[PDB]
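Order of listing sets the numbers, starting from 1, for every ligand and every atom in it. Residues take their numbers from the sequence shown, with the count starting at 1. Note that these values count all heavy atoms, side chains included, but never hydrogens, waters or copies made by symmetry.
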Amino acid sequence: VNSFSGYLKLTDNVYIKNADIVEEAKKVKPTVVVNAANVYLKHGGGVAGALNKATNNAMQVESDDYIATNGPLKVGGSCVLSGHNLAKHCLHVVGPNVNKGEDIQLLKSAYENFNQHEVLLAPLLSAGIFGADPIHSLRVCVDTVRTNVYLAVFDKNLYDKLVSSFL
Ligand SMILES: CCCN1C[C@@H](CNc2ncnc3[nH]c4cc(F)ccc4c23)CC1=O
Ligand SMILES: [Cl-]
């Protein structure tokens, strides 16, 4: 039993809720919140800009030190950093950016990072401002992630369409 409330069960291990991931993180304080990161950990907008804003820019400060030490992530890759006031940890995961022509096949590699964590609160990787079809992102999540994932979807119409078109 965990504290995730009001989720609609999609599969054995995948659950979904109409919620802003930022507000959901503040309420639940999960062990792991996933950020929809880019390779430079520049948290300007989307999930990343919103999470970072909720940390009062502490996520960005930490991220800049990470990049100065380690260099950029790979598309499809991830790193674990602090969750600040939102979660114990933040798993920064880089899905491909379709607007920049990045390989959509890398979306599966991106979701594989979730399997290193038993339970996660997460957005739909590569969706939103990253340019991919959210219905496809949900499908890849279900067919790749084996650990327990709680997906927060910001947009109500999108949440409704994601649920309705699933089985
Ligand atoms: C029109 C479609 C909106 N999108 C794009 C996809 C990813 N975005 C997010 N996913 C979950 N929580 C979120 N909080 C946010 C706060 C923000 F300022 C900006 C973005 C998000 C966000 C799912 C979704 O609903
Ligand atoms: Cl977004």
Side-chain angles (χ1 to χ4, degrees), residues 2-11 14-60 63 73 75-76 78 81 83-102 104 106-111 113-114 117 119-145 147-166:
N2 61 62
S3 148
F4 287 101
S5 166
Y7 282 75
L8 191 152
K9 182 173 182 61
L10 293 178
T11 66
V14 179
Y15 291 82
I16 193 169
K17 184 182 182 172
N18 173 223
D20 175 1
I21 195 175
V22 178
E23 288 305 317
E24 190 76 7
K26 284 200 287 188
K27 178 174 78 76
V28 174
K29 297 294 241 71
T31 305
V32 181
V33 66
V34 174
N35 182 31
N38 58 61
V39 293
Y40 304 111
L41 302 180
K42 288 181 89 116
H43 310 302
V47 168
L51 288 170
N52 175 58
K53 182 180 172 187
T55 76
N56 183 42
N57 211 50
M59 177 180 286
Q60 190 64 66
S63 293
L73 297 179
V75 179
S78 70
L81 290 170
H84 301 276
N85 53 316
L86 304 178
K88 189 173 189 300
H89 305 106
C90 179
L91 181 68
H92 295 272
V93 180
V94 184
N97 186 324
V98 170
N99 300 314
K100 302 207 266 58
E102 290 169 1
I104 192 61
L106 291 169
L107 186 54
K108 187 173 185 73
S109 302
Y111 274 116
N113 294 284
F114 289 25
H117 303 277
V119 182
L120 314 87
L121 171 63
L124 290 173
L125 298 175
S126 294
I129 67 177
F130 280 67
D133 184 350
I135 301 174
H136 176 66
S137 180
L138 175 57
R139 188 73 245 171
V140 178
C141 182
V142 166
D143 293 340
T144 305
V145 181
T147 54
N148 290 147
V149 58
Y150 290 85
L151 295 167
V153 171
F154 183 78
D155 189 293
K156 169 69 177 179
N157 283 268
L158 179 57
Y159 170 82
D160 288 345
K161 181 172 175 189
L162 288 168
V163 171
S164 71
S165 75
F166 183 75

Do the side chains of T31 and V119 get nearer than 4.5 Å, heavy atoms only? no
Which pairs of donor and acceptor atoms, one on a side chain in residues 123-138, lie under 3.5 Å apart (sequence neighbours left out)?
from, atom 1, to, atom 2, distance (Å)
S126, OG, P96, O, 2.7
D133, OD1, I135, N, 3.0
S137, OG, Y111, OH, 2.6
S137, OG, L125, N, 3.4
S137, OG, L125, O, 2.7

Any pair with a residue in residues 92-102 that passes side-chain hydrogen bond (donor to acceptor under 3.5 Å, both in side chains), sequence neighbours left out, goes on the list, sorted by first then second residue, please.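 Listed once each, the pairs are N35-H92, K100-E102.
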So does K53 have more than 12 non-hydrogen atoms from other groups sitting under 6.0 Å from NZ? no
Quick check on ligand 1: any N or O pairs to the protein under 3.5 Å? One line per pair.
from, atom 1, to, atom 2, distance (Å)
ligand 1, 12 (N), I21, N, 3.0
ligand 1, 14 (N), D20, OD1, 2.7
ligand 1, 25 (O), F154, N, 2.8
ligand 1, 25 (O), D155, N, 2.8

Can you name the residues that form a ring-ring contact (aromatic ring centres under 6.0 Å, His included) with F154, not counting sequence neighbours?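 By the ring-ring contact (aromatic ring centres under 6.0 Å, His included) rule, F154 matches no residue at all.
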Backbone of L41 reached by a side-chain donor or acceptor of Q60 within 3.5 Å: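 Checking the backbone N and O of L41 against the side chain of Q60, a donor-acceptor pair under 3.5 Å is found.
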